[PDB]
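Since the structure comes first, as C-alpha cells, the remarks are kept for the end.
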Amino acid sequence: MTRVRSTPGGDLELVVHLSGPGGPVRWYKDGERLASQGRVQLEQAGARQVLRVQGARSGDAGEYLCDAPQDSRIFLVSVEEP
C-alpha cells in the first residue's frame with residue numbers, strides 16, 4: 001500500500017505516482033469517495049493524483065483508495081507523532 005504520514009494539527013497531502021491514466025481516478029476514505037471541498041483540495045494529472053485535507057487530526061487518519069482504471073491502490077495514512 002502507498003503509505004503517507006502526517007502530524008495532529010498540520011495538513012494532509014497524498015501525492016501518487018501509480019501506473020494509471022487520467023481516468024478520472026477516484027479518491028475514497030473509509031469506504032466512501034471524497035468530493036472537491038473547501039478543505040479537500042483535489043488535483044488530477046493521471047500518474048499524479050493529489051488529495052489535500054486541511055487540518056489532519058483524527059478523522060483525517062485512515063485508509064484511502066486512489067482508484068486508477070487499471071492500477072487502483074490503497075493509502076495507509078496515519079496522523080501520528082504529536
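Following the order of the C-alpha cells, first chain is A, next is B, and so on, with residues numbered from 1 inside each chain and ligands from 1 in the order they appear.
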Tell me which protein, DNA and RNA residues are within 7 Å of range 37-45 of chain A, counting only C-alpha atoms, leaving out same-chain ones fewer than 6 positions away, and put them as a list in words.
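What passes the distance filter is residues 22, 51, 52, 53 and 54 of chain A.
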Hey, what does DSSP flag as strand (DSSP E or B) within chain A? Can you give it to me as a ChimeraX atom specification?
/A:4-6,12-15,26-29,32-33,40-44,49-53,62-67,73-79
Those selected residues, please, written with N, CA, C and O atoms and delivered as a compact mmCIF listing (two decimals), in the first residue's frame.
# COMPACT_ATOMS: atom_id res chain seq x y z
N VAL A 4 1.42 7.17 3.44
CA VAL A 4 1.68 8.60 3.76
C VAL A 4 1.54 8.85 5.29
O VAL A 4 0.69 8.26 5.96
N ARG A 5 2.39 9.75 5.82
CA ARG A 5 2.47 10.08 7.26
C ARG A 5 2.21 11.59 7.48
O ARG A 5 2.71 12.43 6.72
N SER A 6 1.44 11.94 8.53
CA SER A 6 1.14 13.35 8.90
C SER A 6 1.23 13.54 10.43
O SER A 6 1.51 12.58 11.16
N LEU A 12 -2.66 17.40 5.36
CA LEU A 12 -2.54 16.04 4.81
C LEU A 12 -2.54 16.09 3.26
O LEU A 12 -3.58 16.36 2.67
N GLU A 13 -1.38 15.84 2.64
CA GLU A 13 -1.25 15.83 1.16
C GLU A 13 -0.81 14.42 0.68
O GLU A 13 0.30 13.96 1.00
N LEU A 14 -1.69 13.75 -0.08
CA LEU A 14 -1.42 12.42 -0.67
C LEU A 14 -1.12 12.60 -2.17
O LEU A 14 -2.04 12.81 -2.96
N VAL A 15 0.16 12.52 -2.56
CA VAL A 15 0.58 12.57 -3.98
C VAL A 15 0.99 11.16 -4.43
O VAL A 15 1.88 10.54 -3.83
N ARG A 26 -10.55 8.03 -8.89
CA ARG A 26 -11.36 8.41 -7.71
C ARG A 26 -10.52 8.32 -6.43
O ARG A 26 -9.56 7.56 -6.34
N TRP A 27 -10.87 9.16 -5.45
CA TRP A 27 -10.33 9.11 -4.09
C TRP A 27 -11.43 8.64 -3.13
O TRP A 27 -12.51 9.21 -3.13
N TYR A 28 -11.16 7.58 -2.36
CA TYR A 28 -12.07 7.10 -1.29
C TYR A 28 -11.43 7.33 0.10
O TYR A 28 -10.23 7.53 0.21
N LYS A 29 -12.27 7.30 1.14
CA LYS A 29 -11.83 7.33 2.55
C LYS A 29 -12.80 6.50 3.41
O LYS A 29 -14.00 6.77 3.41
N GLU A 32 -15.97 5.35 1.51
CA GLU A 32 -16.78 6.33 0.74
C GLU A 32 -15.89 7.42 0.10
O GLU A 32 -15.06 8.02 0.78
N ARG A 33 -16.12 7.66 -1.20
CA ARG A 33 -15.34 8.63 -2.01
C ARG A 33 -15.44 10.10 -1.50
O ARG A 33 -16.46 10.50 -0.92
N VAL A 40 -10.97 19.86 1.23
CA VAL A 40 -10.49 18.76 0.35
C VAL A 40 -10.07 19.31 -1.05
O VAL A 40 -10.87 19.37 -2.00
N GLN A 41 -8.80 19.75 -1.14
CA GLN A 41 -8.20 20.28 -2.39
C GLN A 41 -7.69 19.12 -3.29
O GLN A 41 -6.63 18.53 -3.03
N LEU A 42 -8.48 18.77 -4.32
CA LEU A 42 -8.12 17.70 -5.29
C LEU A 42 -7.32 18.24 -6.49
O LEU A 42 -7.42 19.42 -6.85
N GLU A 43 -6.50 17.36 -7.07
CA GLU A 43 -5.72 17.62 -8.30
C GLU A 43 -5.62 16.30 -9.10
O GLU A 43 -5.31 15.25 -8.53
N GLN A 44 -5.91 16.36 -10.41
CA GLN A 44 -5.96 15.16 -11.28
C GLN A 44 -5.02 15.32 -12.50
O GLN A 44 -5.34 16.04 -13.45
N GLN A 49 -1.97 11.90 -8.77
CA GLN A 49 -3.25 12.26 -8.11
C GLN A 49 -2.96 12.84 -6.72
O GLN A 49 -2.25 12.23 -5.92
N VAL A 50 -3.49 14.05 -6.44
CA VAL A 50 -3.29 14.72 -5.15
C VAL A 50 -4.63 14.89 -4.38
O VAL A 50 -5.58 15.48 -4.89
N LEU A 51 -4.67 14.33 -3.16
CA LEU A 51 -5.75 14.56 -2.18
C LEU A 51 -5.18 15.38 -1.00
O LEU A 51 -4.31 14.90 -0.27
N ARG A 52 -5.67 16.62 -0.82
CA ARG A 52 -5.23 17.50 0.28
C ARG A 52 -6.38 17.78 1.25
O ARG A 52 -7.33 18.48 0.92
N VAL A 53 -6.31 17.20 2.46
CA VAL A 53 -7.24 17.52 3.57
C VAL A 53 -6.59 18.57 4.50
O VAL A 53 -5.51 18.34 5.05
N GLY A 62 -6.72 7.39 8.24
CA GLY A 62 -7.45 6.21 7.78
C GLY A 62 -6.92 5.66 6.47
O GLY A 62 -5.94 6.17 5.92
N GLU A 63 -7.56 4.59 5.97
CA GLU A 63 -7.20 4.01 4.65
C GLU A 63 -7.98 4.73 3.53
O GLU A 63 -9.22 4.72 3.49
N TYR A 64 -7.22 5.37 2.64
CA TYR A 64 -7.73 5.99 1.40
C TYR A 64 -7.60 5.01 0.22
O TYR A 64 -6.82 4.07 0.28
N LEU A 65 -8.40 5.19 -0.83
CA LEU A 65 -8.28 4.37 -2.06
C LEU A 65 -8.18 5.28 -3.31
O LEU A 65 -9.17 5.89 -3.72
N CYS A 66 -6.96 5.38 -3.87
CA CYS A 66 -6.74 6.06 -5.17
C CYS A 66 -7.06 5.07 -6.31
O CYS A 66 -6.18 4.31 -6.76
N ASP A 67 -8.34 5.04 -6.71
CA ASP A 67 -8.87 4.08 -7.70
C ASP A 67 -8.53 4.49 -9.15
O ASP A 67 -9.28 5.22 -9.80
N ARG A 73 -4.93 1.65 -6.03
CA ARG A 73 -4.03 1.45 -4.85
C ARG A 73 -4.57 2.09 -3.56
O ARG A 73 -5.13 3.20 -3.58
N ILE A 74 -4.36 1.40 -2.42
CA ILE A 74 -4.77 1.85 -1.09
C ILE A 74 -3.63 2.67 -0.43
O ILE A 74 -2.45 2.33 -0.56
N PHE A 75 -4.00 3.75 0.26
CA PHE A 75 -3.09 4.59 1.05
C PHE A 75 -3.21 4.29 2.56
O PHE A 75 -4.27 4.52 3.15
N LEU A 76 -2.13 3.76 3.16
CA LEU A 76 -2.01 3.68 4.63
C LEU A 76 -1.63 5.08 5.16
O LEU A 76 -0.46 5.47 5.15
N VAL A 77 -2.65 5.86 5.54
CA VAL A 77 -2.48 7.24 6.04
C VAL A 77 -2.67 7.29 7.57
O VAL A 77 -3.77 7.05 8.09
N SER A 78 -1.57 7.59 8.28
CA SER A 78 -1.57 7.71 9.75
C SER A 78 -1.18 9.13 10.18
O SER A 78 -0.07 9.60 9.88
N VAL A 79 -2.11 9.81 10.86
CA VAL A 79 -1.81 11.06 11.57
C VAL A 79 -1.26 10.69 12.97
O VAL A 79 -2.00 10.24 13.85
For residue 10 in chain A, the nearest of the candidates A:56, A:61, A:34, A:68, counting only C-alpha atoms:
A:56
Kindly give the distance, in Å, that separates CA of residue 72 in chain A and CA of residue 60 in chain A, rounded to a single decimal.
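Computed distance, CA of residue 72 in chain A to CA of residue 60 in chain A, equals 20.4 Å.
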Hey, can you check how far CA of residue 17 in chain A sits from CA of residue 3 in chain A?
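Distance reported for this atom pair: 11.9 Å.
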With only C-alpha atoms as the atoms that count, which of A:46, A:16, A:21, A:1 lies nearest to residue 70 in chain A?
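Going through A:46, A:16, A:21, A:1 one by one, the smallest distance to residue 70 in chain A is for A:21.
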Enter the distance from CA of residue 8 in chain A to CA of residue 48 in chain A, in Å, rounded to one decimal.
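Taking CA of residue 8 in chain A and CA of residue 48 in chain A, their separation equals 25.2 Å.
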Pick the closest to residue 20 in chain A from A:69, A:7, A:36, A:81: which is it, counting only C-alpha atoms?
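Ranked by minimum distance to residue 20 in chain A, first place goes to A:69.
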